[PDB]
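Structure first, then comments.
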Amino acid sequence: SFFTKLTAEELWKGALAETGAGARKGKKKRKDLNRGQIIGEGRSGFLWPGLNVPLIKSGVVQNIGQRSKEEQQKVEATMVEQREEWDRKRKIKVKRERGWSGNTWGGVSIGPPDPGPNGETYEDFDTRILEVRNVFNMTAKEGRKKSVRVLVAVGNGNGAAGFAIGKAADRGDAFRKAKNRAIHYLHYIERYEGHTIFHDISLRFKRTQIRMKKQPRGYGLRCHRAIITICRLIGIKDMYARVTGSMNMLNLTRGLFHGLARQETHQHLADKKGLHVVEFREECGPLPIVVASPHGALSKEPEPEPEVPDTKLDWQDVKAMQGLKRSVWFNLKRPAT
Amino acid sequence: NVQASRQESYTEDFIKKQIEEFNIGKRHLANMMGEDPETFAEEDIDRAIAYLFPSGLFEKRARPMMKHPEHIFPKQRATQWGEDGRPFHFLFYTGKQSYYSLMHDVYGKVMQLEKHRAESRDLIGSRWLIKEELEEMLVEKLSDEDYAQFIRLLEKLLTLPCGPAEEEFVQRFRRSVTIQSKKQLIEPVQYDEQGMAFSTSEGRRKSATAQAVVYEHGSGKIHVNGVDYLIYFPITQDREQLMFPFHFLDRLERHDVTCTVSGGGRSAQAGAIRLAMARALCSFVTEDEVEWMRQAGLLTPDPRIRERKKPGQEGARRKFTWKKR
Amino acid sequence: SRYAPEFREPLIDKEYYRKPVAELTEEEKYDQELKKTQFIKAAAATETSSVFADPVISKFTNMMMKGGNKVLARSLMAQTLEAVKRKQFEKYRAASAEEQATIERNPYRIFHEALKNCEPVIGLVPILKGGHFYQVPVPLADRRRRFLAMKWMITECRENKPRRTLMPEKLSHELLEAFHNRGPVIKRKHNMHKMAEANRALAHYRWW
Amino acid sequence: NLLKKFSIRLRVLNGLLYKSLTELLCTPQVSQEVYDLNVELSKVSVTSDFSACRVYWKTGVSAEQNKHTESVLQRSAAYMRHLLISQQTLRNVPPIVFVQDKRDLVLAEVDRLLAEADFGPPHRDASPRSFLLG
Amino acid sequence: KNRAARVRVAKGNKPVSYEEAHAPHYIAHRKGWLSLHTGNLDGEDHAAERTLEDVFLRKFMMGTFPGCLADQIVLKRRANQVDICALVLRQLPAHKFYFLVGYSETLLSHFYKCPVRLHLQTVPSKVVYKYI
RNA sequence: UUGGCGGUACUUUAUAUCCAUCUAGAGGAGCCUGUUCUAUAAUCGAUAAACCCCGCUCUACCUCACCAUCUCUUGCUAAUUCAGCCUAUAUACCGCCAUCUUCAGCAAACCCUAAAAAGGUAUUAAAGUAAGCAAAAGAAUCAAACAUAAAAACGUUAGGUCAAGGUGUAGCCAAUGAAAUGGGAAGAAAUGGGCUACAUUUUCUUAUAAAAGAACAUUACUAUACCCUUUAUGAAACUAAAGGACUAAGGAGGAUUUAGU
Ligand SMILES: [K+]
Ligand SMILES: [Mg+2]
Ligand SMILES: [Mg+2]
Ligand SMILES: [Mg+2]
Ligand SMILES: [Mg+2]
Ligand SMILES: [Mg+2]
Ligand SMILES: [Mg+2]
Ligand SMILES: [Mg+2]
Ligand SMILES: [Mg+2]
Ligand SMILES: [Mg+2]
Ligand SMILES: [Mg+2]
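For the record, the sequence lines run as chains D, G, F, a and C.
The first sequence maps to residues 90 to 115, 122 to 432 in the deposited numbering.
The second sequence maps to residues 60 to 176, 183 to 390 in the deposited numbering.
Quick note on the deposited numbering: the third sequence kicks off at 35 and runs consecutively.
The fourth sequence maps to residues 45 to 50, 92 to 207, 292 to 303 in the deposited numbering.
Quick note on the deposited numbering: the fifth sequence kicks off at 36 and runs consecutively.
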C-alpha cells in the first residue's frame with residue numbers, strides 16, 4: 090500500500106540500529128539514494144520540457160517525448176558507472192604523513208592553531224603531537240567514563256615555541272584545546288647563529304635527565320625522537336642530546352623548554368663579566384673571532400684562569416675520550432633529520 | 060567551537076535600524092487600518108495586529124507582535140566603550156558598573172551624614194524593591210548576596226539624619242505595598258414599584274447558583290423558586306442553612322426574601338442561597354456587622370468542587386487495587 | 035485542599051462578635067484586627083449559629099453516617115433523643131415526688147454524661163517485640179479518649195442487638211444504661227483499664 | 045607535622102558500653118558541665134556493622150534543658166570515646182552518637198493515669298589509521 | 036518516558052525548527068495546526084475523508100519536491116478550494132518550480148475534483164529556532 | 001589518586017506512608033472476568049515490583065492470526081525469473097511506552113594550576129566565567145487563588161511490543177503463500193481482580209429520597225447461576241434484556257493484604 094511507506098531518514102534510522110541497547114553497552124553503513132537522481136528522470140525515459148530537458152531548443156518550443164529503448168539503456172548504464180565511480184571516490188583518500196610510527200600519533204602535524212580574537216592568523220606556526228593518552232575513569236554516565244589527554248607542541252621554526260595539554264572526551268576536541276592553549280605559552284629560544292644552542296645544557300627535571308650539546312653546522316639533530324620534533328619547531332638544526340632516567344613525555348617537554356629558555360647568550364656573558372667574548376674555530380686556524388663585546392665599559396682585569404678546574408664532569412662524556420669502547424648502537428647511520 | 064550558533068548580540072547600529080523599520084511599520088499599519096499615522100499609538104497597533112493576524116494560541120508570548128524594539132530586544136546590550144576602546148564609565152572593569160556605581164553614591168551620602176553630625186517613618190506601608198525590580202533599574206544581573214548588601218546600606222542611610230535630598234533618594238527604592246483590603250463590597254439598594262427597598266446578590270455552591278432578593282422590611286417570609294421554604298426544603302439541615310445568615314445578626318422575622326436557585330442538589334442549593342442572602346443582607350447592616358459576617362464564613366464562596374476522574378484509576382483519588390504479588 | 039494555607043477557620047460564635055470591645059482580652063482583640071486583612075474559610079453546611087447545635091452530638095451523627103446518608107443518620111440521632119426523653123417522662127410520671135427530683139428528663143444532658151462515663155483514661159497500643167505481639171500501656175489524648183467512647187457506643191448498638199430492634203431503641207437503651215454506669219460499654223472501658231493494670235510493669239517496650 | 049597529624094556479642098558490647106558510660110558521667114572526668122547535667126542513660130544500642138554507637142539518655146520535661154544537654158553531651162562524645170579506649174574497657178569503640186529517650190516521661194505518665202483509672206467493681294577509532302588515510 | 040513527536044536532546048549540535056522543537060502538549064498553546072478544515076468541528080461530517088486526503092497531499096508534495104521542502108506544508112480548505120502553502124529551499128532553478136507547480140496543481144485537481152492552488156515561499160535555507 | 005559495594009543497619013528523613021491512627025474493602029459463599037494448571041485436532045503476545053477486565057473503548061459467523069478437511073498456482077499492482085509471507089531473532093532497530101519519577105540533576109565552549117591520575121568555594125569573598133537542557137515560570141481546567149491535570153532531561157531494567165505499521169539479517173515459493181466449509185472443547189483444580197448478597201441505617205409499595213402503609217428467620221433477607229417463557233439484534237441465538245417459578249449457599253469472612261488527607 091502507498092500509505093505504509095516511510096521516508097528515507099526513518100528507514101535508515103531503523104536499519105542502521107545506531108541507537109539501541111546493544112550499541113551503547115556493546122558493519123551497516125548509511126547511503127544516500129537521492130545523490131545521483133535528477134528531478135524529472137524516470138525508468139521509462141520520458142523527457143519533460145522545463146524539468147529534465149531544455150524548454151526551448153534552437154528556437155523551437157519543445158514537447159513531451161520519450162527516449163528509445165537503446166538510448167535509455169545507455170543512460171541507465173552511465174548512471175551505474177557514475178555510482179560505481181562514486182564508490183571508488185569514497186575509497187580514495189589523500190595520504191598524510193605518519194609520525195614516529197604508523198599506528199601512533201606522536202610526531203604527526205595537525206596544522207596551525209585557530210585564528211585569534213581579532214583575526215590573528217597563525218599560518219606561520221606548525222603543531223606537532225607528542226603524546227596521546229586514552230584514559231578511562233569511573234563516572235555514572237558510562238560507569239567507566241572516557242577521556243583523551245593530548246600533549247602538543249607548536250612553533251614557527253624561528254625561535255618561538257610552546258607546549259600545552261588538552262583534555263576532552265573526543266580526540267578532535269583535545270587537539271583543538273591543546274593546540275590553541277599552546278599559542279598562549281610561547282617561549283622564545285635563543286639559537287647561536289640560528290642553528291644550535293649557545294652552550295652545553297645539562298639538567299634534571301624530576302626523574303628525567305636531559306643532556307644537550309652544542310654542535311657545529313652539518314651535524315644534524317641526533318636526539319630523542321621527541322626532541323627532534325621540538326627542535327624543528329624551535330628552529331635548531333644541529334645538536335646532540337641524551338635522555339636518561341624516566342622517559343615521561345611531559346617531564347621531557349617541560350624539562351627541555353626549562354633548559355632551552357634559561358641559557359646564556361654570548362652578549363649576556365660579555366655584559367655580566369665585562370670582557371670580550373672571542374671564538375676560536377679549528378677550521379679558521381688561530382684567527383680570533385669577536386662574537387660579543389660588552390655594551391658598556393670594557394674591563395681590564397683578566398678573568399682568573401685556574402691551573403686545574405673544579406668542573407663537575409659526566410662519566411658518559413669523558414668515557415669516550417678515555418678510549419673506552421662504545422656500544423654497538425652508538426653513531427649508527429640514520430636518515431637525515 | 061561548536062555547531063551551536065554564536066552568541067547573538069545586538070549593536071547600537073542594529074537596534075537603530077530596527078527602530079526605523081518599526082517607525083515605517085506604523086505608517087503602513089496605520090494606512091491599512093485607515094487611521095491617522097500621527098495619532099496611531101501602541102494600543103492601536105496591538106489591536107490592529109490582533110485583527111489582521113487572528114491567533115488563538117493560549118500563551119500570549121507566542122502570538123504575533125509588532126512592538127517597539129525597546130520592549131522586545133534585551134535592553135542590556137549597549138556599547139560600553141568608544142571607538143578608541145576606552146570605556147565610558149570609570150567602574151567598567153568591575154563587571155557590575157551600575158551596581159557598584161550605585162553603591163558608590165549611597166556610601167558617599169552615608170559618609171557626609173555621619174561627618175556632619183527625628184522619626185524615620187516618613188513613609189509607611191512601603192516595601193523595599195525586590196531584586197527583580199532592582200535588576201531592572203540597574204539593567205544588569207545581580208546575585209542574592211548583592212541585593213542583601215544594597216539593602217543593608219540603604220537602611221544605614223535611613224538611620225542617619227536625612228535631609229530632603231536623601232528622602233527622595235531612598236524613595237526611588239521604595240515601592241508602594243499592595244493594599245488589598247479584604248472588605249466586603251456592599252451592594253446598592255434599589256427600589257421597587259411599590260417603593261420598598263431591596264438588594265440582590267448571587268451565590269454559587271458546587272454546581273448550584275442562586276439569586277436572592279432580600280427586602281429591608283418583612284416578616285421572615287422566604288420563597289424559593291416561587292414556593293415556600295418549608296415545602297421546597299423538607300430537610301431540617303437545609304432550612305438551618307437558610308437560618309444561619311439571619312440568626313447570626315439577630316434579624317429573624319425582619320426581612321422578606323425571594324430566591325431563585327437552579328442547579329445542584331438539595332444541600333448545594335441551600336448553601337448557594339445562604340451566600341446569596343448573606344451578600345444581599347449586607348446593604349441592610351452596619352459595617353461592623355459585615356465584618357462579623359465575613360469572619361464567620363458567611364461571605365466567602367466555597368471553592369470545594371468535585372475533582373475529575375483520572376485515567377488508570379478508579380476515581381479522583383481512589384486507585385485500582387494493587388494486584389496481589 | 036482548595037483553600038490556600040493563608041485561610042483562617044471561621045468563627046461562628048454570635049455572642050463573641052457582639053461583646054463590648056472592652057470585654058475582649060487583648061489577645062482576642064488582636065486576632066480580630068488581624069483577621070480584617072486575612073482570608074477566612076467559608077462556613078460549612080453543618081456550621082450554624084443555632085442555639086440548639088451541639089458539636090458533640092453533631093460529631094456523633096457523622097460517626098453513624100454510612101455512605102454520606104446524613105439525613106438518615108441525623109434522623110436516627112433525633113429519634114434517639116426523643117426515645118430517651120419519652121423513656122424518662124414515663125419514669126418521671128410513674129415515680130413519687132422524692133424519686134421525681136432525681137430523675138433527669140433532659141436528653142442532651144443524658145447523652146453528654148453518658149459518653150463521659152465511657153471515656154477511658156489509659157489505652158493499649160499493640161506492638162511486636164521479640165517475635166510476639168506485646169501491647170503496652172499508653173496515655174490517651176483528649177481527642178483519642180473522646181473518639182473511643184463514641185466508637186464503642188456506635189459498635190455495641192450496630193452489632194449486639196436483636197434483629198428486629200432498631201437503632202433508636204438500642205442506642206437510647208444504652209445511653210441511659212451507660213448514664214447510670216452499668217452498661218456493656220462501661221464494661222469495655224473497665225476491661226481496657228484492667229488490661230493496662232496487668233501490663234503496667236511492661237510499659238518499657240514503647241519507642242514512640 | 046602536628047597540623048597534618050591533627092547477637093551475643095552485641096549484647097555484651099551494648100551492656101558493657103552502657104555499664105561504662107554511666108560511670109564516666111557520674112564524675113567530672115569528662116567535664117564539670119557534663120557532671121552537673123546529671124544525665125541518665127536508658128540503654129546503649131550498637132549497630133550490627135559497628136559503624137556507630139547509640140546512647141539513649143532520659144530526656145526531661147523542659148525543651149531548653151534538653152537542648153542544652155544535647156549540645157554539651159554531643160561535644161563530649163568524641164572525648165568520651167577516648168576515655169573508654171584509654172582505660173581499656175574495649176579495644177575498638179565506634180563513633181558515639183547521643184540519642185534522646187522520652188519514654189521516661191511516658192513511664193511516669195502511665196502510673197498517674199492508671200492510679201486514677203476507674204477499674205470498676207470486681292581500536293580503529295582511537296588509532297590514527299583513519300586520520301592518516303584522509 | 037514519552038517518545039511521541041519529541042526531537043530528543045543531542046549535545047547542542049542538532050538544529051531544530053520552531054515546529055520540531057515543541058512537543059505535542061504545546062499544540063494550541065505555542066504552535067498552531069498545520070491543517071485547517073471544518074471537518075472536526077462539532078456536528079460536522081467527513082472528518083475521515085479530510086484526514087485521508089491530507090496524508091496523501093503531504094506524501095505527494097514531498098515526492099514532487101524532493102529535498103526542496105524546508106518545513107512541513109500548511110493545508111487550508113475554504114469552501115471546496117484546497118490551498119497548499121510550503122516553505123521551499125532555493126535549490127532548484129526558478130523555471131523548474133513553475134513546471135512542478137503547474138503539474139502538481141493540475142494533477143491534484145483532477146484527483147480530488149476540487150480547485151487546488153500551490154503557494155510557495157522560498158527561503159535561502161532552513162530556519163533554525165534553536166540548537167538542541 | 002579515584003570509583004564502588006559491604007552490615008553504610010548511625011542522625012534527620014517518607015506524608016495517604018515504613019509502623020501507629022482512621023474509613024471502606026480483599027482473604028469466607030455465590031457468580032462475572034483474567035491467568036496458571038489440567039486438557040483439546042485447535043492461536044499468538046504480556047506473565048515479580050513495572051503481568052493477571054493485559055493488546056480487546058470488546059471472539060456466535062465475520063473478526064482469525066489457530067485446527068481438520070477440499071480447492072487455487074503470475075496468485076490485489078503500471079511494470080518486474082515476479083506477487084505474497086502474523087515465517088525465526090524486541091539480544092539488529094525505527095515507532096510508541098513501562099519503571100525509578102514531579103526523582104534533580106545533565107552540563108558544551110572558554111579561563112586558571114611550580115602538571116593536571118584531577119581540581120576550580122569562601123559574600124566583611126581567596127579563580128573561575130559567560131551560554132544551553134530539565135526544574136521553576138508559562139499556558140489548560142473559560143475571574144481570583146489553591147488543587148488537579150499536563151510536564152519531567154540523562155541514565156537503570158539487551159524491561160514490553162517483528163502480531164499497529166515500517167525495517168536489517170536468515171528462511172518458504174506446487175508452499176511457511178491464497179481461498180472456501182466446519183470446529184477452536186472442558187474442569188470434584190489453584191489463584192488475581194471485579195460484582196452481588198449476607199439484611200433492621202434492612203425488605204416491598206407510593207412518593208421520591210421527605211413522609212407513610214406493610215414485611216421482618218426458615219427460606220424473612222437472599223441467585224446478574226441452572227432451568228422455563230416472551231422480547232430486541234441477526235441470515236444464523238450460541239448473545240443481551242424482561243418476567244416466571246426453582247430456589248441453594250451465605251449469618252460479615254484465618255495469618256494476611258488494597259485504597260483513601
Ligand atoms: K524498541
Ligand atoms: Mg604499519
Ligand atoms: Mg469511590
Ligand atoms: Mg517476549
Ligand atoms: Mg471464528
Ligand atoms: Mg473461518
Ligand atoms: Mg500464515
Ligand atoms: Mg495558572
Ligand atoms: Mg513546569
Ligand atoms: Mg498456509
Ligand atoms: Mg428473530
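Beta carbons: idealized from backbone N, C-alpha and C, even for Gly.
{"Asked": "Inter-residue Cα distance where the pair is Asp-72(G) and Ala-137(G)", "Found": "10 Å"}
{"Asked": "Whole-angstrom distance between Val-109(C) and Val-90(C), CA atom to CA atom", "Found": "12 Å"}
{"Asked": "Check: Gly-197(D) C-beta below 7 Å from any heavy atom of ligand 2", "Found": "yes"}
{"Asked": "Beta-carbon gap between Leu-317(G) and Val-350(G) smaller than 8 Å", "Found": "no"}
{"Asked": "Contacts around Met-97(F), its chain only, beta-carbon distance under 6 Å, and the 5 residues preceding and following it disregarded", "Found": "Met-184, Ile-188"}
{"Asked": "Ranges of the alpha helix (DSSP H) found wholly within the region 204-229 of chain G, counting only runs of at least 4", "Found": "209-224"}
{"Asked": "Minimum Cβ-Cβ distance from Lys-123(D) to chain a less than 8 Å", "Found": "no"}
{"Asked": "Residues near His-227(F) by beta carbon distance below 8 Å, same chain, minus five either side", "Found": "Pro-154, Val-155, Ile-156"}
{"Asked": "Cβ-Cβ distance between residue 119(D) and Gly-135(D) below 8 Å", "Found": "The structure shown gives no position for residue 119(D): in chain D, residue numbering passes from 115 to 122 with nothing in between."}
{"Asked": "Supposed close pair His-294(D), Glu-374(D) - CB separation, criterion 8 Å", "Found": "Incorrect: roughly 12 Å between the Cβ atoms, too far for contact."}
{"Asked": "Beta carbon proximity, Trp-181(D) to chain a, threshold 8 Å", "Found": "no"}
{"Asked": "Positions along the region 53-67 of chain C whose CB lies within less than 8 Å of some CB in chain G", "Found": "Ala-63, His-64, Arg-65, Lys-66, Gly-67"}
{"Asked": "Segments of 3+ residues assigned as beta strand (DSSP E) that fall wholly inside the region 265-305 of chain D", "Found": "296-300"}
{"Asked": "C-beta contact flag for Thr-82(F) and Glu-305(G) at 8 Å", "Found": "yes"}
{"Asked": "Length at least 4, wholly inside the region 90-155 of chain C: the alpha helix (DSSP H) runs in chain order", "Found": "129-147"}
{"Asked": "Whole runs of the alpha helix (DSSP H) within the region 150-225 of chain D, excluding any shorter than 4 residues", "Found": "164-186"}
{"Asked": "Validate contact between the region 215-222 of chain F and the region 125-141 of chain F using beta carbons, cut 8 Å, 3 pairs", "Found": "no"}
{"Asked": "Separation of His-371(D) from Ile-384(D), as counted between CA atoms", "Found": "10 Å"}
{"Asked": "Candidates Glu-398(D), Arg-113(D), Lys-428(D): closest to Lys-236(D) by CA position", "Found": "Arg-113(D)"}
{"Asked": "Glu-379(G) beta carbon near ligand 3 (any heavy atom closer than 7 Å)", "Found": "yes"}
{"Asked": "Cβ shell of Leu-219(G) (< 8 Å), same chain only, five flanking positions each side left out", "Found": "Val-165, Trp-193, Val-235, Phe-238"}
{"Asked": "Those residues which DSSP pairs with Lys-163(F) across a bridge", "Found": "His-166(F)"}
{"Asked": "Residues that DSSP places opposite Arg-228(D) in a beta bridge", "Found": "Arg-244(D)"}
{"Asked": "Among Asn-115(C), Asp-77(C), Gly-78(C), the one whose alpha carbon lies nearest that of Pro-150(C)", "Found": "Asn-115(C)"}
{"Asked": "Through-space distance from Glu-99(D) to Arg-138(D), alpha-carbon basis", "Found": "25 Å"}
{"Asked": "Start and end residues, alpha helix (DSSP H) containing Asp-409(D)", "Found": "Unbroken run through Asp-409(D): none, as it is neither H nor E."}
{"Asked": "Rounded straight-line distance, which links the Cα of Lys-368(D) to that of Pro-399(D)", "Found": "11 Å"}
{"Asked": "Buried or exposed by the 16-neighbour rule on C-beta atoms within 10 Å, applied to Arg-183(D)", "Found": "exposed"}
{"Asked": "Close-in-space but distant-in-sequence residues of the same chain around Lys-195(F) (CB under 6 Å, 5 per side omitted)", "Found": "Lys-204"}
{"Asked": "Buried or exposed (CB count within 10 angstroms, at least 16 for buried), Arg-240(G)", "Found": "exposed"}
{"Asked": "C-beta neighbour in chain G for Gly-47(C), strict 8 Å", "Found": "yes"}
{"Asked": "Assigned secondary structure, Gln-417(D) (DSSP; H/G/I helix, E/B strand, else coil)", "Found": "coil"}
{"Asked": "Limits of the beta strand (DSSP E) - the one that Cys-324(G) falls within", "Found": "321-324"}
{"Asked": "Through-space distance from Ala-341(G) to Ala-63(C), alpha-carbon basis", "Found": "38 Å"}
{"Asked": "Top-ranked residue by Cα proximity to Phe-183(a), from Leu-158(a), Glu-201(a), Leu-199(a)", "Found": "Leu-158(a)"}
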